[PDB]
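Heavy atoms only: backbone and side chains are in, while hydrogens, waters and symmetry mates are out. Just so it is clear: chains get the letters A, B, ... in the order the sequence lines come, proteins before strands, and each one is counted from 1.
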Amino acid sequence: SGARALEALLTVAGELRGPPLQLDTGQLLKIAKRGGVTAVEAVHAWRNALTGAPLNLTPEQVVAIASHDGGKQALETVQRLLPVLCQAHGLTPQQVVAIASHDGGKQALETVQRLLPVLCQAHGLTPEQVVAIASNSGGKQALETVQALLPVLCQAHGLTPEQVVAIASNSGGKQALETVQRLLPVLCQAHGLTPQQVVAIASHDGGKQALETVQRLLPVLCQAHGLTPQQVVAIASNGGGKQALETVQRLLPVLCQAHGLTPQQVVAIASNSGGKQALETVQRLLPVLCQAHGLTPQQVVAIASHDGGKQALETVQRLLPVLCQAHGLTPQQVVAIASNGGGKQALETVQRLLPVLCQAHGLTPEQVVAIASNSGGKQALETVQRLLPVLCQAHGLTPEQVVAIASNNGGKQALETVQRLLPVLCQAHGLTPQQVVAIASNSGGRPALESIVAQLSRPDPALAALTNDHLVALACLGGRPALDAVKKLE
DNA sequence: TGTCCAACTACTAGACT
DNA sequence: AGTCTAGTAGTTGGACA
């Protein structure tokens, strides 16, 4: 457009920084980048309609809806259907927003309103499963296709409805389901794959792409390259599986002969989301790291054998220098922090925060390492920094207790939950912070603390035989699943 | 461009042994 | 205790108004 039109845009944008959404710059950048110009003007236009009854959406909910292709249509449609969906279909507001927060949002909402009753009633699905189906790019297409094919996939193919729901609940779910219908016999008969294995391949974005690529490339990979089919499955059962498989074919020689790696290793690098990026990056850096960084092949393999493997490997080559030299951690400690999904992130946050955390909070490099060295390390590091102060002082914990709660997967979630529940658990139900610490000092610390507090709030008679000191042991032994499974058995 | 649909890459969390 | 797996965010490409 023209300069005048720009200025209006920048001005409707500015009006959004105030009432009633009070959007910040990050949020406006999200809407512009993901929902486009129209999405931004739409939000501005309907802002009072959306933040008031009967919608009562949050500024964050409005953003999640707007930030997609067609956002404006999702927003328009959301104001039309949310009340009917919540009131007449039992859906919650969060659920309607989850359905709305994907490209084609408007088509998915209208289709749920139309098909939810038939899906739940004539195929025994729950509202929770209809929502998981609808809540992808293309949701309308997945929903209509489950309606057409769920009977034949079950009768003529022996899949369970759960399996048909898992196949449908991805972007491209319509494609995945028609493909499974097509190739499930062939892949089992001609290739010796179990139905369960076809389902695993099909249950990711581009599931159709992966099934077709398995049907093609499986022979060459097995017969020529010698791979087991089970290893071909494992490669394919990931986002962008077809790219993984194409890439293994190409690089399986150049990596097993030139760089000496074993087929067993190349498979482990491919069997993750973005496995193609992983392989090509190992190809390109194995010499560079095993000569100018003193890193063994095995270490390189372990670094690359996780989703985002390419990101971690490049982040290692770039920071193994400084982190050792300027901070002091051994190639062992750097290889550990990188050896997780999101490894690149944990590495950059340890670049940043090793000094601040030690200087302002008194932590060791060894502690810092222990916190960065889990999936989502970045998120635990940034939360220790943030909350360790209040946790130690408002809540009477030690710095080391705080490190222990941070030192598992979901450390960020475990920390925030303690700062939320620790009060009621000691005050209301008189629980020693030593107990609460130990329930949270495990993976799944968040849900286990939520589960235990549900019980001490509204006791189910199903758990009567278990004293509170027992519930704590269970929560510590196996967390939520341990509480939920004890409930199941009466 | 705007909208819908599909597919790929990466990150974060909880769970299963 | 390292792992396997689901959930999801962010982005890109094809297709067609």
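Nearest nucleotide to the side chain of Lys33(A), out of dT3(C), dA7(B), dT11(C): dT11(C). You'll find that the side chain of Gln107(A) is closest to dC5(B), out of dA15(B), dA10(B), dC5(B). Of the candidate nucleotides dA13(B), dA15(B), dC4(B), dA13(B) has the atom lying nearest to any side-chain atom of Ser375(A). Checking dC8(B), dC5(B), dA15(B) against the side-chain heavy atoms of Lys140(A) singles out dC5(B) as nearest. For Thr38(A), the listed nucleotide lying nearest its side chain is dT3(B); candidates were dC4(B), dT3(B), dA13(B).
A side-chain donor from one of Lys242(A) and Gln209(A) sits under 3.5 Å from a side-chain acceptor of the other. Using modelled atom types and a 3.5 Å distance limit, the side chains of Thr296(A) and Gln298(A) yield a donor-acceptor pair.
Regarding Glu280(A), its CD atom lies at a distance of 13 Å from the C1' atom of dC8(B), rounded to whole Å. Distance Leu449(A) CG to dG14(B) P: 11 Å, rounded to the nearest Å. Across the protein-nucleic acid pair, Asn136(A) atom CG and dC8(B) atom P stand 15 Å apart, rounded to whole Å. The distance from atom CD1 of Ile31(A) to atom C1' of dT1(B) is 18 Å, rounded to the nearest whole Å. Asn408(A) has its CG atom 10 Å from the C1' atom of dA1(C), to the nearest Å. As rounded to whole Å, 12 Å separates atom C1' of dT8(C) from atom NZ of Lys30(A). Distance NE2 (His204(A)) to P (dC11(B)): 19 Å, rounded to an integer number of Å. In this entry the distance linking CD of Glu162(A) with P of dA6(C) reads 14 Å, nearest Å.
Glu144(A) and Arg114(A) are joined by a salt bridge, as a carboxylate oxygen and a charged side-chain nitrogen come within less than 4.0 angstrom of each other.
Distance CD/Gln317(A) to CG/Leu285(A): 4.5 Å, rounded to 0.5 Å.
At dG14(B), none of the side-chain N or O atoms of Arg480(A) fall inside 4.0 Å of OP1 or OP2 (strictly under the cut-off).
Judged by distance alone with a 3.5 Å cut-off, no donor-acceptor contact links the side chain of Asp103(A) to the base of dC4(B).
When heavy atoms are screened at a 4.0 angstrom cut-off, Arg446(A) is found touching the sugar-phosphate backbone but no base atom.
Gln455(A) contributes a side-chain N or O that, together with a main-chain N or O of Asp460(A), makes up a donor-acceptor pair within less than 3.5 Å.
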